[PDB]
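Okay, handing you the structure first.
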Amino acid sequence: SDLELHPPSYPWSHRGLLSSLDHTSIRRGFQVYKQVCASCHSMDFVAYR
Amino acid sequence: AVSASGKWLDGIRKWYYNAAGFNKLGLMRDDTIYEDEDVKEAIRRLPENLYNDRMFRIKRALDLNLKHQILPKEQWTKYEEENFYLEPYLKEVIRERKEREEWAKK
Amino acid sequence: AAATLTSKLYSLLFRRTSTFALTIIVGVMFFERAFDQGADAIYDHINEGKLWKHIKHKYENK
Amino acid sequence: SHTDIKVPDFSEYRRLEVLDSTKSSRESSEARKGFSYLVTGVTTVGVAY
Amino acid sequence: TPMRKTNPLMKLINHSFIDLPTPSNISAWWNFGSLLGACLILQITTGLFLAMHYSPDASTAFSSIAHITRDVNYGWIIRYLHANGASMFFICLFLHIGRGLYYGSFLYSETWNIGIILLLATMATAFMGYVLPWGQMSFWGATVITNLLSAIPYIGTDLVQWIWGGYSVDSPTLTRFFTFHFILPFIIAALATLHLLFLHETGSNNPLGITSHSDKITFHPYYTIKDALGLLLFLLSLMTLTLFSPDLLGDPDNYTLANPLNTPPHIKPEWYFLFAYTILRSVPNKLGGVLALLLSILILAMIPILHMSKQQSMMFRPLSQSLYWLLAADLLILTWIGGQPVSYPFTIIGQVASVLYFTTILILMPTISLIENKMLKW
Amino acid sequence: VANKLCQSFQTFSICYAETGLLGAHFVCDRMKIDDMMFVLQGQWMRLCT
Amino acid sequence: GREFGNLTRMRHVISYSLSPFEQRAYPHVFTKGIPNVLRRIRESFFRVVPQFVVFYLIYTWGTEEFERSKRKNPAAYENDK
Amino acid sequence: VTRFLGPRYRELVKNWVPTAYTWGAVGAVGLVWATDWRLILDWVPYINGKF
Amino acid sequence: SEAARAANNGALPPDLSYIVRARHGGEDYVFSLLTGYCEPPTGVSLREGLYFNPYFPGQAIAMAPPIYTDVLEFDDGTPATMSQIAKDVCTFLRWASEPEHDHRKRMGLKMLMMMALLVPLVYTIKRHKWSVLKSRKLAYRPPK
Amino acid sequence: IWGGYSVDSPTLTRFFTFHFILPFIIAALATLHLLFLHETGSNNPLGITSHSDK
Amino acid sequence: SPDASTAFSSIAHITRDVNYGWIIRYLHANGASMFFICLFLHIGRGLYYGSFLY
Amino acid sequence: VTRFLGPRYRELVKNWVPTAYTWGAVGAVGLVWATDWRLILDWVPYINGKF
């Protein structure tokens, strides 16, 4: 019935107009994905390329 | 048929007259009227000097509109200044059309 | 009295339209490379350490 | 009449170089034209890129 | 004896472009019309390169777009230029129609009507094209829109199934929509040629509303660079919408696969349709909502009949101008209401906004026009 | 005269101690004023090369 | 049949002009341009803005009313019990 | 065909040849730049966007 | 998907390839989803397989709390705080959902500079072509 | 043209699009065709000009 | 359906499961050959009657 | 709009009435045949190849 709580805005590193993703966080985050996530979740459209 | 309230009508007509922007461009009231075929024939019947004054004031208006400027305040058309030149002719033309139509429906 | 640099730029080039097109294309020939490395140097300048091309050193070439 | 007409002053709009009624325009003309042709020439470069 | 006057192709180009007289005092608003002419090209060219990878099967329509946005080189820019490009197309379109409504350009009734038909064509094109991506909002929007056809009293469901190609929305419907979406824009182009055809034997209108025969000027020297600047600003705003904030005019959920089973919450159609959608939300009856919907766009045809003032442009008639901006504010109201879930505050404001939307231009405008007539003593 | 353009015309050079005026002078039918120009300038261009 | 020679008759309206090269692209901008844009905007104000302000009012009131009914709904359960 | 031969035609072609050098240079340099030909472009003092 | 539901109390784990762009608020929704796990408020209860995450629209997500401190050890050797982990996850998902992000920002930078250069020039050209009309005078001279 | 090292699905899609688009160009060029035709008039089998009996 | 796998099966779908589809496919495929008959004859008369002077 | 009503316009509309009903019959029967409308076609004496 009651609507879900609205998420807070965060100061993400890449939120800026010229800001870009930090690739190390992508690396470590993929390292999290490889087993903590991949045990049940999938990514149909992403390859090892 | 109101008296002093009619003077009030003259007042609101004057204010609305200043609300319309053609005074800013020097135009007479009759320049602004939409030119359908009745108005076309009405303009065709105009005396040459008057027709020339009309065409020139229209060019002055379009030229001011070009550069998005405004006619100087001293030169603005005044509410009492106007001469309603096109009315008699346009009324003759429209009355002739109404006559031809009333004949045509019979 | 002395010719303006714009004039020396003019009569030597602009008066004939084909030379004008020619200097236009050569100007594009330099401007492409200049604008390229310039804007890339800027975009590199905003986020040093974020882009992987400079992150390569932690793991590259054995 | 055929002589009564005269051109209204345009000095307010004129380029600064040619404002006086003394110096010859024949030398300045290459500069005046050269500036604008330089402008169009840069713009063509941008559009081409 | 210039060659333009000799060769027939150079003759027609000498007419439509290089030499035809235009009022000198034409402003920035008329430029939008030409911009529409530009947008269509983009929507073709860009779109033409999306059709080379897109697969209109229901089982692969989504993955193919993933193939475009990812696997294809420079595919994502084409994707976003296309999607945002439709939005810019309808923005220039709305501004164009507003321009035609404001300056009394509707008096060219044939051109007006061709504009209306072309409007309906662009609407159907945008709809079927939005159905193509085959996301959640795409599939659901198709089901909801299609059912409206079911509204028609006798033929109804047979006709609706005739659109679906089946009981329910599925792959054949997607393929059909891909075909019509492919074919319609060129018909929109031929209509546009008719549009300019009717337009040019009278000439373009000017903001003052007075005839400009005294001050006609060739199109090539001036309006080509004026429209070059307008096209440049158009590409500027479009590229800024695409390369910085691609998503905000769009709607998340489309990136999810369509589920015939599961049903998405907010279920909001893409923004240019929203106001019309509110009208469906406004009338409790089905067929009544459908007729109110068709009236929402047809209503434009009745405007010349409803004209009462002895002048064209609103600029000399401030009261009607105020009604006009009331109308624009009202359209903003509906357009905002279309983004919202039904609740007490919204339903009441939507109904009042719709009724006001009909009454302001079927009643108030002609009457205040007559008042403006009496105030000026003729 | 070919499709019957200019009615009558002449070329002139009214030189003065300080400047001068090269040019052309022609009568026109209302409908031909453009065409009569297109030839004239072309002739100048034809002499420019 | 609406070529420039075919257009409207008009008589002794003399017009003056200048070559683009003879005059600068931005005359009197600071002195004449900005005040002109200002008188234009000043003419535009009351005819345009306030109705949009009314849109802002109906917008904020509708948002506050929906948000009010929604979160006071449990509060409506509170006064209920 | 045969009529085009003639001394004034020779004078005219000689008058228009340099313009042909110019437009030929325009088309040649323009063609190379557009396709970014590696073989012709490298020879240049500064344009080395290709690796 | 059927086996996935059977393995997960009927719930189907969503594909993560578009999970950032799919949900409202983007990656911002995901981090907040991975963080909040307050124990349920008094006066409400739920199925034993369900877990109370307020940010989830159903407010009773079937997902078990995926992460906590030292679930994992980064090869980088940085500490495995659950906040750091969730941040890295949302970042990697953000990339998985928008691979073209960097190149897009680059072109965007190039285009702004490009348009910033082009606009004054073309507008100046328009001022140039139109100046003869903007400056032109006209007068009216009746014969008498 | 192939979109790859051999004929395959992307090529088939290429040809589906181009084959879908060309005829509509052919119609416009046909309009140009008639446009260059009608300003002179249709030819007759004798080859003699036939203005006398149009 | 323009894919390397589904195209041929879609053709069988047109020839069979689709109503009156085979008539469409054959009026189309033979209509092209008719288009070239009419086209070759159309060029041939131009080669014959000297319509090429246009 | 008021002008269209009148003493001769009544006569004219009356002159075109038979044509109006006749073309109305044209549109009606033409619609019934183009659509294979079943309802009226069940009633027609011979056109009953429909089952």
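Going in written order, the chains are labelled A, B, C, D, E, F, G, H, I, J, K and L, and every chain counts its residues from 1.
By definition in this document, a contact is a pair of C-beta atoms (placed from the backbone, for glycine too) under 8 Å apart; a residue touches a chain by one contact, two chains touch by 3 or more.
To keep track of the chains, here are their UniProt names: B = Cytochrome b-c1 complex subunit 7; C = Cytochrome b-c1 complex subunit 9; E = Cytochrome b; G = Cytochrome b-c1 complex subunit 8; H, L = Cytochrome b-c1 complex subunit 10.
Novice: Between chain A and chain H, how many steps is the shortest route if every step has to go to a touching chain?
Specialist: 2
Novice: What is the chain whose Cα centre is as far as it gets from that of chain D?
Specialist: Farthest from chain D by mean C-alpha position: L.
Novice: Any chance you could check whether B-E or E-K wins on number of contacting C-beta pairs?
Specialist: Pair with the higher count of C-beta contacts: B-E.
Novice: In terms of Cα-based centroids, which chain occupies the most central position?
Specialist: Central chain: E.
Novice: With chain centres taken as the means of their Cα atoms, state the distance from chain H to chain I in Å.
Specialist: Inter-chain centre distance comes to 51 Å.
Novice: If you average the CA atoms of chain D and of chain L, how many Å lie between those two points?
Specialist: One centre to the other, that is 74 Å.
Novice: Counting only Cα atoms for the centres, state how far chain J is from chain K in Å.
Specialist: For chain J versus chain K, the centre distance works out to 15 Å.
Novice: Quick one: report the Å distance separating chain F from chain J, using the average Cα coordinate of each chain.
Specialist: Centre separation, chain F to chain J: 45 Å.
Novice: Can you list every residue of chain F that touches 2 or more other chains, as numbers and ranges?
Specialist: Counting only residues that touch two or more other chains, chain F contributes 34.
Novice: Counting only residues that touch at least 2 other chains, which ones in chain B make the list?
Specialist: Correct list: 21, 52, 55-56, 59, 63, 66.
Novice: Would you tell me which residues of chain G are touching chain F in their complex?
Specialist: 3-6
Novice: Could you pull out which chain E residues touch chain B in their complex?
Specialist: Touching chain B from chain E are residues 23-25, 104, 107, 206-212, 214-215, 309-312, 315-318, 372, 375-378.
Novice: Note which residues of chain D are touching chain C in the complex, please.
Specialist: 27, 30-31, 33-35, 37-38, 41-42, 44-45, 48-49
Novice: In the complex of these two chains, what residues of chain F are touching chain E?
Specialist: Contacts found on chain F: 2-3, 5, 34-35, 38-39.
Novice: Can you tell me which positions in chain I touch chain D when the two form their complex?
Specialist: Answer in residue numbers: 114, 117-118, 121-122, 124-125, 128, 131, 135, 137, 139, 141.
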